[PDB]
2 protein chains.
Amino acid sequence: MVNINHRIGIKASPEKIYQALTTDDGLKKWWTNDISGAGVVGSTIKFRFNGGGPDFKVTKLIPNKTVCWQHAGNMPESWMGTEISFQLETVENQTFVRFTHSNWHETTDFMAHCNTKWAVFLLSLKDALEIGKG
Amino acid sequence: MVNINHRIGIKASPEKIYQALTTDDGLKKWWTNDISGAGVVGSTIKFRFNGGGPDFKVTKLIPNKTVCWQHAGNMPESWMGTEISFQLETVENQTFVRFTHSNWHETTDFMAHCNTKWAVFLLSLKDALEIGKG
């Protein structure tokens, strides 16, 4: 199947990136305004915004490193079986981010749309953590 | 083979986007500082920056719409045979951008790196044209 890979260096502690993306306080700055959940493996993280707030079920948590989750909701099976991985690795004086959004059937409209969006959110994650522009 | 697709809406005339990416004055604001060429089909556009300024040979030009080019230089054949397409289509009160960077052999490090970068440059293209933040 087709997968989407993004990569970005961020000058911030793996702890900062991890917590930011595993807490409501961090996520409400990153993704959107209305966000609930942000619990542990087995639980569901609820995102809400105008257009279609996604729901993400937590499948794996590694302290200050790798986080992985699977899409949840009433979407077609192909979307329900979609998994997403977020890996961290410390490089020199910064933390290198490796994001993977996998499980694509074919080159549909959603693919390119999400592909671009993901990198923009990463850029925001970078500037927010490094400077505080977010 | 593997290809990379990005998509972004920009509230600006197809003429503005076209010219910006076909003139030195526009490119020197978009991509990097030191840029030369920006000629017609058959010619080579020269980008220069610290890390590896690319050279892009123009293969097709459509007025205020589709621009396509092919990588040039002393890179391996797989890179020399790499082509890139930039399509425009007017949607409602704005212009919709469709960017394709194709000709990837395998999921190497360069793939994810370029993938993320492309979306960032598009975002910059958007804010510059709409507001003037660039």
# chains A, B, ... in the order shown; residues from 1 in each chain; ligands from 1
$ calpha_fit_and_write --fixed "chain A" --moving "chain B" --output "short mmCIF file (atom, residue, chain, number, x, y, z; two decimals) with N, CA, C and O atoms, in the first residue's frame"
data_model
loop_
_atom_site.label_atom_id
_atom_site.label_comp_id
_atom_site.auth_asym_id
_atom_site.auth_seq_id
_atom_site.Cartn_x
_atom_site.Cartn_y
_atom_site.Cartn_z
N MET B 1 0.82 -1.20 0.00
CA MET B 1 0.00 0.00 0.00
C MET B 1 0.86 1.26 0.00
O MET B 1 2.08 1.19 0.18
N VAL B 2 0.22 2.40 -0.21
CA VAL B 2 0.94 3.68 -0.26
C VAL B 2 1.01 4.32 1.12
O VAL B 2 0.06 4.24 1.91
N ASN B 3 2.15 4.94 1.42
CA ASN B 3 2.34 5.63 2.69
C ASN B 3 2.94 7.01 2.49
O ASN B 3 3.57 7.28 1.47
N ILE B 4 2.74 7.89 3.47
CA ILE B 4 3.28 9.24 3.41
C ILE B 4 4.30 9.47 4.53
O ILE B 4 4.01 9.24 5.70
N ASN B 5 5.49 9.92 4.15
CA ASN B 5 6.56 10.14 5.11
C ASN B 5 6.98 11.60 5.16
O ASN B 5 7.26 12.21 4.12
N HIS B 6 7.01 12.17 6.36
CA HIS B 6 7.54 13.51 6.56
C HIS B 6 8.67 13.51 7.59
O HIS B 6 8.69 12.67 8.49
N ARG B 7 9.60 14.44 7.43
CA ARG B 7 10.74 14.54 8.34
C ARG B 7 11.10 15.99 8.62
O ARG B 7 11.08 16.83 7.72
N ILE B 8 11.42 16.28 9.88
CA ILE B 8 11.74 17.64 10.29
C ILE B 8 12.57 17.65 11.57
O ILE B 8 12.26 16.93 12.52
N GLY B 9 13.61 18.47 11.59
CA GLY B 9 14.41 18.67 12.79
C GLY B 9 13.82 19.77 13.67
O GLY B 9 13.44 20.83 13.17
N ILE B 10 13.75 19.51 14.97
CA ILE B 10 13.27 20.51 15.92
C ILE B 10 14.23 20.65 17.09
O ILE B 10 14.58 19.67 17.75
N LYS B 11 14.66 21.88 17.35
CA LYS B 11 15.59 22.16 18.44
C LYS B 11 14.87 22.21 19.78
O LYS B 11 14.74 23.27 20.39
N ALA B 12 14.39 21.05 20.23
CA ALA B 12 13.68 20.95 21.50
C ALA B 12 13.77 19.55 22.08
O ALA B 12 13.96 18.58 21.34
N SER B 13 13.65 19.45 23.39
CA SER B 13 13.76 18.16 24.08
C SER B 13 12.68 17.19 23.61
O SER B 13 11.53 17.58 23.40
N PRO B 14 13.06 15.93 23.46
CA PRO B 14 12.10 14.88 23.14
C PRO B 14 10.93 14.89 24.11
O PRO B 14 9.80 14.54 23.75
N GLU B 15 11.19 15.30 25.35
CA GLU B 15 10.14 15.42 26.36
C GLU B 15 9.13 16.49 25.98
O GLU B 15 7.93 16.32 26.17
N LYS B 16 9.63 17.60 25.44
CA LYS B 16 8.77 18.72 25.06
C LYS B 16 7.85 18.34 23.90
O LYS B 16 6.66 18.63 23.92
N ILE B 17 8.42 17.69 22.89
CA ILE B 17 7.66 17.23 21.74
C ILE B 17 6.64 16.17 22.14
O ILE B 17 5.47 16.24 21.76
N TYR B 18 7.09 15.19 22.92
CA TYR B 18 6.22 14.12 23.39
C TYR B 18 5.01 14.69 24.13
O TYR B 18 3.87 14.45 23.75
N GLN B 19 5.28 15.44 25.20
CA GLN B 19 4.22 15.96 26.05
C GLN B 19 3.26 16.85 25.25
O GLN B 19 2.05 16.78 25.44
N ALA B 20 3.82 17.67 24.37
CA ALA B 20 3.02 18.58 23.56
C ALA B 20 1.95 17.82 22.78
O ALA B 20 0.86 18.34 22.54
N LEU B 21 2.27 16.60 22.38
CA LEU B 21 1.41 15.83 21.48
C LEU B 21 0.66 14.74 22.23
O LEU B 21 0.00 13.89 21.63
N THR B 22 0.76 14.77 23.56
CA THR B 22 0.09 13.77 24.40
C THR B 22 -0.72 14.44 25.50
O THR B 22 -1.34 13.76 26.32
N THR B 23 -0.70 15.77 25.53
CA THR B 23 -1.51 16.53 26.47
C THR B 23 -2.49 17.44 25.74
O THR B 23 -2.23 17.87 24.61
N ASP B 24 -3.61 17.74 26.39
CA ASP B 24 -4.59 18.67 25.84
C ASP B 24 -4.01 20.08 25.74
O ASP B 24 -4.26 20.79 24.77
N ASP B 25 -3.25 20.47 26.76
CA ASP B 25 -2.64 21.80 26.79
C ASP B 25 -1.72 22.01 25.59
O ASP B 25 -1.65 23.10 25.04
N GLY B 26 -1.01 20.95 25.21
CA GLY B 26 -0.08 21.02 24.08
C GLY B 26 -0.82 20.92 22.75
O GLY B 26 -0.50 21.63 21.80
N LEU B 27 -1.81 20.04 22.69
CA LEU B 27 -2.52 19.77 21.45
C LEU B 27 -3.42 20.94 21.06
O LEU B 27 -3.61 21.22 19.88
N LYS B 28 -3.96 21.62 22.06
CA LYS B 28 -4.85 22.75 21.83
C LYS B 28 -4.10 23.93 21.22
O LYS B 28 -4.70 24.84 20.66
N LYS B 29 -2.78 23.90 21.34
CA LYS B 29 -1.93 24.89 20.70
C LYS B 29 -1.49 24.43 19.31
O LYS B 29 -1.27 25.24 18.42
N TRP B 30 -1.36 23.12 19.15
CA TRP B 30 -0.80 22.55 17.93
C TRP B 30 -1.87 22.40 16.85
O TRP B 30 -1.81 23.05 15.81
N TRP B 31 -2.84 21.53 17.11
CA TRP B 31 -3.77 21.10 16.08
C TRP B 31 -4.93 22.08 15.93
O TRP B 31 -5.09 22.72 14.90
N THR B 32 -5.74 22.19 16.98
CA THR B 32 -6.92 23.04 16.95
C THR B 32 -7.32 23.48 18.35
O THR B 32 -6.63 23.19 19.33
N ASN B 33 -8.45 24.18 18.45
CA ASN B 33 -8.87 24.78 19.71
C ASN B 33 -9.55 23.76 20.61
O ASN B 33 -9.19 23.60 21.77
N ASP B 34 -10.55 23.06 20.06
CA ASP B 34 -11.37 22.15 20.85
C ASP B 34 -10.83 20.73 20.78
O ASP B 34 -11.05 20.02 19.79
N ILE B 35 -10.13 20.31 21.82
CA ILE B 35 -9.55 18.97 21.87
C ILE B 35 -9.75 18.34 23.24
O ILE B 35 -9.53 18.98 24.27
N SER B 36 -10.18 17.08 23.25
CA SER B 36 -10.44 16.37 24.50
C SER B 36 -9.75 15.01 24.50
O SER B 36 -9.24 14.55 23.48
N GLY B 37 -9.74 14.36 25.66
CA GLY B 37 -9.11 13.05 25.80
C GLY B 37 -7.63 13.19 26.15
O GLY B 37 -7.28 13.58 27.27
N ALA B 38 -6.77 12.87 25.19
CA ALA B 38 -5.33 12.84 25.43
C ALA B 38 -4.98 11.93 26.61
O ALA B 38 -4.32 12.36 27.55
N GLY B 39 -5.44 10.69 26.53
CA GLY B 39 -5.24 9.74 27.62
C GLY B 39 -4.11 8.77 27.32
O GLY B 39 -3.06 9.16 26.82
N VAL B 40 -4.34 7.49 27.61
CA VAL B 40 -3.31 6.47 27.44
C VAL B 40 -3.73 5.43 26.41
O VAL B 40 -4.80 5.53 25.82
N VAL B 41 -2.88 4.43 26.21
CA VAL B 41 -3.15 3.38 25.24
C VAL B 41 -4.51 2.74 25.49
O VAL B 41 -4.82 2.33 26.61
N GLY B 42 -5.32 2.66 24.44
CA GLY B 42 -6.67 2.11 24.56
C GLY B 42 -7.72 3.21 24.49
O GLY B 42 -8.85 2.98 24.06
N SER B 43 -7.34 4.41 24.93
CA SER B 43 -8.26 5.54 24.95
C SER B 43 -8.31 6.24 23.59
O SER B 43 -7.50 5.95 22.71
N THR B 44 -9.25 7.16 23.44
CA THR B 44 -9.41 7.89 22.19
C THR B 44 -9.20 9.38 22.39
O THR B 44 -9.77 9.99 23.30
N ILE B 45 -8.37 9.98 21.53
CA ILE B 45 -8.17 11.42 21.55
C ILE B 45 -9.09 12.12 20.56
O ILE B 45 -9.11 11.79 19.37
N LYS B 46 -9.86 13.09 21.06
CA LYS B 46 -10.93 13.70 20.28
C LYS B 46 -10.53 15.09 19.79
O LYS B 46 -10.33 16.00 20.59
N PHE B 47 -10.41 15.24 18.48
CA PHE B 47 -10.17 16.55 17.88
C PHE B 47 -11.44 17.11 17.26
O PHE B 47 -12.21 16.39 16.61
N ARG B 48 -11.67 18.41 17.46
CA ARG B 48 -12.87 19.06 16.96
C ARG B 48 -12.53 20.37 16.25
O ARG B 48 -11.96 21.28 16.86
N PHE B 49 -12.89 20.46 14.98
CA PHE B 49 -12.82 21.72 14.25
C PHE B 49 -13.80 21.74 13.08
O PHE B 49 -14.32 20.70 12.68
N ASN B 50 -14.05 22.93 12.54
CA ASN B 50 -15.00 23.09 11.45
C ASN B 50 -14.48 22.47 10.17
O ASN B 50 -13.57 23.00 9.53
N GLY B 51 -15.06 21.33 9.78
CA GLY B 51 -14.67 20.65 8.56
C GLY B 51 -14.67 19.13 8.75
O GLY B 51 -15.04 18.38 7.85
N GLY B 52 -14.26 18.70 9.94
CA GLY B 52 -14.26 17.28 10.27
C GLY B 52 -13.16 16.95 11.28
O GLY B 52 -12.07 16.54 10.91
N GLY B 53 -13.47 17.13 12.56
CA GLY B 53 -12.55 16.78 13.63
C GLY B 53 -12.35 15.27 13.71
O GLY B 53 -13.30 14.52 13.87
N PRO B 54 -11.09 14.84 13.60
CA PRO B 54 -10.77 13.42 13.58
C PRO B 54 -10.75 12.83 14.99
O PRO B 54 -10.59 13.56 15.97
N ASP B 55 -10.92 11.52 15.08
CA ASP B 55 -10.72 10.81 16.34
C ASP B 55 -9.60 9.79 16.23
O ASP B 55 -9.57 8.99 15.30
N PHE B 56 -8.67 9.83 17.18
CA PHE B 56 -7.46 9.03 17.10
C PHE B 56 -7.30 8.15 18.34
O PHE B 56 -7.12 8.66 19.45
N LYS B 57 -7.36 6.84 18.15
CA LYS B 57 -7.22 5.90 19.25
C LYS B 57 -5.76 5.52 19.47
O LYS B 57 -5.06 5.14 18.53
N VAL B 58 -5.30 5.64 20.71
CA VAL B 58 -3.90 5.43 21.03
C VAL B 58 -3.56 3.95 21.10
O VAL B 58 -4.21 3.19 21.83
N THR B 59 -2.55 3.54 20.35
CA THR B 59 -2.24 2.12 20.18
C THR B 59 -0.91 1.77 20.83
O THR B 59 -0.68 0.62 21.21
N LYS B 60 -0.04 2.76 20.96
CA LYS B 60 1.27 2.56 21.56
C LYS B 60 1.86 3.86 22.08
O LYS B 60 1.81 4.89 21.39
N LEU B 61 2.40 3.83 23.29
CA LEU B 61 3.06 5.00 23.87
C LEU B 61 4.45 4.65 24.38
O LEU B 61 4.61 3.76 25.21
N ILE B 62 5.46 5.35 23.87
CA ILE B 62 6.81 5.25 24.41
C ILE B 62 7.26 6.58 25.00
O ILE B 62 7.27 7.61 24.32
N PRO B 63 7.65 6.56 26.27
CA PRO B 63 8.01 7.77 26.99
C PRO B 63 9.06 8.57 26.23
O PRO B 63 10.18 8.10 26.01
N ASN B 64 8.70 9.78 25.82
CA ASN B 64 9.66 10.72 25.26
C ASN B 64 10.29 10.18 23.99
O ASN B 64 11.46 10.42 23.71
N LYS B 65 9.49 9.46 23.21
CA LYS B 65 9.97 8.89 21.95
C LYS B 65 8.81 8.62 20.99
O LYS B 65 8.27 9.55 20.40
N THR B 66 8.44 7.36 20.85
CA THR B 66 7.58 6.93 19.75
C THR B 66 6.12 6.88 20.18
O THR B 66 5.79 6.25 21.19
N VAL B 67 5.26 7.54 19.42
CA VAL B 67 3.82 7.46 19.65
C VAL B 67 3.09 7.00 18.39
O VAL B 67 3.35 7.50 17.29
N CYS B 68 2.19 6.04 18.56
CA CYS B 68 1.44 5.49 17.43
C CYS B 68 -0.04 5.36 17.76
O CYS B 68 -0.41 5.01 18.88
N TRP B 69 -0.88 5.64 16.77
CA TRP B 69 -2.33 5.62 16.97
C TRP B 69 -3.05 5.17 15.71
O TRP B 69 -2.47 5.14 14.62
N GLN B 70 -4.33 4.83 15.86
CA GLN B 70 -5.13 4.35 14.73
C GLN B 70 -6.44 5.11 14.63
O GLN B 70 -7.10 5.38 15.63
N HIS B 71 -6.82 5.47 13.40
CA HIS B 71 -8.01 6.26 13.17
C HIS B 71 -9.26 5.55 13.69
O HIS B 71 -9.41 4.34 13.51
N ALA B 72 -10.14 6.31 14.32
CA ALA B 72 -11.42 5.77 14.79
C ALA B 72 -12.58 6.66 14.36
O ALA B 72 -12.41 7.85 14.11
N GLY B 73 -13.77 6.06 14.27
CA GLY B 73 -14.96 6.80 13.87
C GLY B 73 -15.90 5.92 13.05
O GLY B 73 -15.86 4.69 13.15
N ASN B 74 -16.74 6.56 12.24
CA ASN B 74 -17.68 5.84 11.39
C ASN B 74 -17.26 5.89 9.93
O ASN B 74 -18.10 5.84 9.03
N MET B 75 -15.95 6.00 9.70
CA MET B 75 -15.42 6.05 8.34
C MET B 75 -15.33 4.65 7.74
O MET B 75 -15.36 3.65 8.45
N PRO B 76 -15.22 4.59 6.41
CA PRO B 76 -15.09 3.32 5.71
C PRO B 76 -13.94 2.50 6.28
O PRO B 76 -13.00 3.04 6.86
N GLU B 77 -14.03 1.18 6.11
CA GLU B 77 -13.06 0.27 6.70
C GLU B 77 -11.63 0.68 6.35
O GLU B 77 -10.72 0.57 7.17
N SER B 78 -11.44 1.16 5.13
CA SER B 78 -10.12 1.54 4.65
C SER B 78 -9.53 2.67 5.49
O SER B 78 -8.32 2.78 5.64
N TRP B 79 -10.41 3.52 6.03
CA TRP B 79 -9.99 4.60 6.91
C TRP B 79 -9.85 4.11 8.35
O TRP B 79 -8.99 4.58 9.09
N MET B 80 -10.70 3.17 8.73
CA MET B 80 -10.67 2.61 10.08
C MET B 80 -9.39 1.81 10.31
O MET B 80 -8.90 1.72 11.43
N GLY B 81 -8.87 1.23 9.23
CA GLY B 81 -7.66 0.41 9.32
C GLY B 81 -6.41 1.24 9.08
O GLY B 81 -5.32 0.70 8.89
N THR B 82 -6.57 2.56 9.08
CA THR B 82 -5.46 3.47 8.85
C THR B 82 -4.70 3.75 10.14
O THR B 82 -5.29 4.17 11.14
N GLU B 83 -3.39 3.50 10.12
CA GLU B 83 -2.55 3.73 11.29
C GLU B 83 -1.52 4.82 11.02
O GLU B 83 -1.11 5.03 9.88
N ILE B 84 -1.11 5.51 12.08
CA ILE B 84 -0.16 6.61 11.96
C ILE B 84 0.91 6.54 13.04
O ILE B 84 0.61 6.29 14.20
N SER B 85 2.16 6.74 12.64
CA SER B 85 3.29 6.59 13.55
C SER B 85 4.07 7.89 13.69
O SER B 85 4.24 8.62 12.72
N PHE B 86 4.53 8.16 14.90
CA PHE B 86 5.32 9.36 15.17
C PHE B 86 6.57 9.03 15.97
O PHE B 86 6.49 8.75 17.17
N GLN B 87 7.72 9.06 15.31
CA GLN B 87 8.97 8.62 15.92
C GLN B 87 9.87 9.80 16.24
O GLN B 87 9.90 10.79 15.51
N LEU B 88 10.60 9.69 17.35
CA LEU B 88 11.61 10.69 17.70
C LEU B 88 12.99 10.06 17.82
O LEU B 88 13.13 8.92 18.27
N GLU B 89 14.01 10.81 17.42
CA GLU B 89 15.39 10.41 17.66
C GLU B 89 16.29 11.63 17.88
O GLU B 89 16.35 12.52 17.03
N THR B 90 16.98 11.66 19.01
CA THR B 90 17.86 12.77 19.34
C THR B 90 19.06 12.81 18.41
O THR B 90 19.79 11.83 18.27
N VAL B 91 19.27 13.96 17.77
CA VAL B 91 20.41 14.15 16.88
C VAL B 91 21.22 15.37 17.29
O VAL B 91 20.79 16.51 17.11
N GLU B 92 22.41 15.13 17.85
CA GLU B 92 23.32 16.21 18.21
C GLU B 92 22.72 17.09 19.29
O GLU B 92 22.61 16.69 20.45
N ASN B 93 22.34 18.31 18.91
CA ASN B 93 21.83 19.29 19.87
C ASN B 93 20.34 19.53 19.68
O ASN B 93 19.79 20.49 20.20
N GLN B 94 19.70 18.64 18.92
CA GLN B 94 18.27 18.76 18.65
C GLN B 94 17.61 17.39 18.57
O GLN B 94 18.27 16.36 18.69
N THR B 95 16.30 17.39 18.36
CA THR B 95 15.56 16.14 18.18
C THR B 95 14.99 16.03 16.77
O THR B 95 14.29 16.93 16.30
N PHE B 96 15.30 14.93 16.10
CA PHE B 96 14.83 14.71 14.73
C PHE B 96 13.48 14.00 14.72
O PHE B 96 13.31 12.97 15.37
N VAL B 97 12.53 14.56 13.98
CA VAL B 97 11.18 14.03 13.94
C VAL B 97 10.93 13.24 12.67
O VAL B 97 11.22 13.71 11.57
N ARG B 98 10.39 12.03 12.82
CA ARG B 98 10.00 11.22 11.68
C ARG B 98 8.53 10.83 11.77
O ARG B 98 8.13 10.03 12.61
N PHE B 99 7.72 11.40 10.88
CA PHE B 99 6.28 11.16 10.89
C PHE B 99 5.86 10.30 9.70
O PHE B 99 6.27 10.55 8.57
N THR B 100 5.05 9.28 9.97
CA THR B 100 4.56 8.39 8.93
C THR B 100 3.05 8.25 8.98
O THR B 100 2.49 7.82 9.99
N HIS B 101 2.38 8.63 7.90
CA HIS B 101 0.95 8.39 7.75
C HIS B 101 0.68 7.38 6.64
O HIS B 101 0.73 7.71 5.46
N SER B 102 0.37 6.15 7.04
CA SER B 102 0.39 5.02 6.11
C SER B 102 -1.02 4.55 5.79
O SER B 102 -2.00 5.17 6.20
N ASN B 103 -1.12 3.44 5.06
CA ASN B 103 -2.41 2.84 4.75
C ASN B 103 -3.21 3.70 3.78
O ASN B 103 -4.31 4.15 4.10
N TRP B 104 -2.64 3.94 2.60
CA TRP B 104 -3.38 4.54 1.50
C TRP B 104 -3.61 3.54 0.37
O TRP B 104 -2.67 2.88 -0.08
N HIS B 105 -4.85 3.42 -0.08
CA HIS B 105 -5.21 2.46 -1.12
C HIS B 105 -4.74 2.94 -2.48
O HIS B 105 -4.04 2.22 -3.20
N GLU B 106 -5.12 4.16 -2.84
CA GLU B 106 -4.80 4.71 -4.16
C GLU B 106 -4.59 6.22 -4.09
O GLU B 106 -4.92 6.86 -3.09
N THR B 107 -4.05 6.79 -5.16
CA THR B 107 -3.74 8.21 -5.20
C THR B 107 -5.00 9.04 -5.37
O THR B 107 -5.26 9.59 -6.45
N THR B 108 -5.79 9.14 -4.30
CA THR B 108 -7.01 9.94 -4.32
C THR B 108 -6.73 11.38 -3.89
O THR B 108 -5.59 11.74 -3.61
N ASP B 109 -7.78 12.19 -3.85
CA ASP B 109 -7.64 13.61 -3.53
C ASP B 109 -7.16 13.81 -2.10
O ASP B 109 -6.40 14.73 -1.82
N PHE B 110 -7.60 12.93 -1.21
CA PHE B 110 -7.28 13.06 0.21
C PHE B 110 -5.78 12.93 0.46
O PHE B 110 -5.25 13.51 1.40
N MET B 111 -5.12 12.15 -0.39
CA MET B 111 -3.71 11.84 -0.20
C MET B 111 -2.85 13.11 -0.25
O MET B 111 -2.12 13.41 0.70
N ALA B 112 -2.95 13.84 -1.35
CA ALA B 112 -2.16 15.05 -1.54
C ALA B 112 -2.55 16.13 -0.54
O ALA B 112 -1.70 16.87 -0.04
N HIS B 113 -3.84 16.21 -0.24
CA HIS B 113 -4.35 17.20 0.71
C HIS B 113 -3.72 17.01 2.09
O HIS B 113 -3.18 17.95 2.67
N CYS B 114 -3.79 15.78 2.60
CA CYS B 114 -3.22 15.47 3.90
C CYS B 114 -1.70 15.61 3.89
O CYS B 114 -1.10 16.10 4.85
N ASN B 115 -1.08 15.18 2.79
CA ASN B 115 0.37 15.23 2.66
C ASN B 115 0.90 16.64 2.93
O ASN B 115 1.82 16.82 3.72
N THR B 116 0.31 17.62 2.26
CA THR B 116 0.72 19.01 2.43
C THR B 116 0.44 19.50 3.84
O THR B 116 1.28 20.16 4.46
N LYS B 117 -0.74 19.17 4.36
CA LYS B 117 -1.17 19.65 5.66
C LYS B 117 -0.22 19.19 6.76
O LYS B 117 0.09 19.94 7.68
N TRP B 118 0.22 17.94 6.66
CA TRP B 118 1.05 17.34 7.70
C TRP B 118 2.34 18.12 7.90
O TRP B 118 2.78 18.33 9.03
N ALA B 119 2.94 18.55 6.80
CA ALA B 119 4.21 19.27 6.85
C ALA B 119 4.02 20.66 7.45
O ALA B 119 4.90 21.16 8.15
N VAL B 120 2.88 21.27 7.18
CA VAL B 120 2.56 22.58 7.73
C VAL B 120 2.41 22.51 9.25
O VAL B 120 2.87 23.41 9.97
N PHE B 121 1.78 21.45 9.73
CA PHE B 121 1.59 21.26 11.16
C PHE B 121 2.92 20.97 11.86
O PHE B 121 3.14 21.38 13.00
N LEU B 122 3.81 20.27 11.16
CA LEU B 122 5.15 20.02 11.66
C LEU B 122 5.94 21.31 11.78
O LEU B 122 6.59 21.57 12.80
N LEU B 123 5.89 22.13 10.73
CA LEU B 123 6.52 23.45 10.76
C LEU B 123 6.03 24.27 11.95
O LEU B 123 6.83 24.91 12.63
N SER B 124 4.73 24.24 12.19
CA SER B 124 4.14 24.92 13.33
C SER B 124 4.67 24.35 14.64
O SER B 124 4.97 25.09 15.58
N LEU B 125 4.77 23.03 14.71
CA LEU B 125 5.33 22.36 15.88
C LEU B 125 6.76 22.81 16.14
O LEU B 125 7.19 22.89 17.29
N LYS B 126 7.49 23.09 15.07
CA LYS B 126 8.89 23.48 15.18
C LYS B 126 9.04 24.90 15.72
O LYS B 126 9.78 25.14 16.67
N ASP B 127 8.32 25.83 15.10
CA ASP B 127 8.44 27.24 15.46
C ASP B 127 7.89 27.51 16.85
O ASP B 127 8.41 28.35 17.58
N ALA B 128 6.84 26.78 17.22
CA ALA B 128 6.24 26.91 18.54
C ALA B 128 7.21 26.48 19.64
O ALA B 128 7.33 27.13 20.67
N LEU B 129 7.90 25.36 19.40
CA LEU B 129 8.77 24.78 20.41
C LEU B 129 10.09 25.54 20.50
O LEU B 129 10.64 25.72 21.59
N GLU B 130 10.59 26.00 19.35
CA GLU B 130 11.88 26.67 19.29
C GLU B 130 11.77 28.12 19.72
O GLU B 130 12.56 28.60 20.54
N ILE B 131 10.79 28.82 19.17
CA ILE B 131 10.64 30.25 19.42
C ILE B 131 9.43 30.54 20.30
O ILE B 131 9.54 31.25 21.30
N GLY B 132 8.29 29.97 19.94
CA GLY B 132 7.03 30.28 20.60
C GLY B 132 6.10 31.05 19.67
O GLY B 132 5.20 31.76 20.13
N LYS B 133 6.32 30.91 18.37
CA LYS B 133 5.52 31.63 17.38
C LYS B 133 4.10 31.09 17.32
O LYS B 133 3.16 31.83 17.01
N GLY B 134 3.94 29.81 17.62
CA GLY B 134 2.63 29.18 17.62
C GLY B 134 1.72 29.80 18.67
O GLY B 134 0.86 30.23 18.40
#
$ select_by_dssp --residues "segment 17-107 of chain B" --states "helix (DSSP H, G or I)" --output "number ranges by chain"
B: 17-20, 24-30, 77-80
$ select_by_dssp --residues "chain A" --states "strand (DSSP E or B)" --output "VMD selection string"
chain A and resid 2 to 10 34 to 36 44 to 48 55 to 61 67 to 72 83 to 91 94 to 104
$ decode --residues "segment 39-50 of chain A" --atoms "N, CA, C and O atoms" --output "CSV table (one decimal), in the first residue's frame"
chain,number,residue,atom,x,y,z
A,39,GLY,N,-5.4,10.7,26.5
A,39,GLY,CA,-5.2,9.7,27.6
A,39,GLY,C,-4.1,8.8,27.3
A,39,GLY,O,-3.1,9.2,26.8
A,40,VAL,N,-4.3,7.5,27.6
A,40,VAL,CA,-3.3,6.5,27.4
A,40,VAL,C,-3.7,5.4,26.4
A,40,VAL,O,-4.8,5.5,25.8
A,41,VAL,N,-2.9,4.4,26.2
A,41,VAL,CA,-3.2,3.4,25.2
A,41,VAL,C,-4.5,2.7,25.5
A,41,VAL,O,-4.8,2.3,26.6
A,42,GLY,N,-5.3,2.7,24.4
A,42,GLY,CA,-6.7,2.1,24.6
A,42,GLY,C,-7.7,3.2,24.5
A,42,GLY,O,-8.8,3.0,24.1
A,43,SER,N,-7.3,4.4,24.9
A,43,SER,CA,-8.3,5.5,24.9
A,43,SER,C,-8.3,6.2,23.6
A,43,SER,O,-7.5,5.9,22.7
A,44,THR,N,-9.3,7.2,23.4
A,44,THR,CA,-9.4,7.9,22.2
A,44,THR,C,-9.2,9.4,22.4
A,44,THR,O,-9.8,10.0,23.3
A,45,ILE,N,-8.4,10.0,21.5
A,45,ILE,CA,-8.2,11.4,21.5
A,45,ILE,C,-9.1,12.1,20.6
A,45,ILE,O,-9.1,11.8,19.4
A,46,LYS,N,-9.9,13.1,21.1
A,46,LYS,CA,-10.9,13.7,20.3
A,46,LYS,C,-10.5,15.1,19.8
A,46,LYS,O,-10.3,16.0,20.6
A,47,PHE,N,-10.4,15.2,18.5
A,47,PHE,CA,-10.2,16.5,17.9
A,47,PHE,C,-11.4,17.1,17.3
A,47,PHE,O,-12.2,16.4,16.6
A,48,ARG,N,-11.7,18.4,17.5
A,48,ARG,CA,-12.9,19.1,17.0
A,48,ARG,C,-12.5,20.4,16.3
A,48,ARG,O,-12.0,21.3,16.9
A,49,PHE,N,-12.9,20.5,15.0
A,49,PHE,CA,-12.8,21.7,14.3
A,49,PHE,C,-13.8,21.7,13.1
A,49,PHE,O,-14.3,20.7,12.7
A,50,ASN,N,-14.0,22.9,12.5
A,50,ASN,CA,-15.0,23.1,11.5
A,50,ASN,C,-14.5,22.5,10.2
A,50,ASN,O,-13.6,23.0,9.5
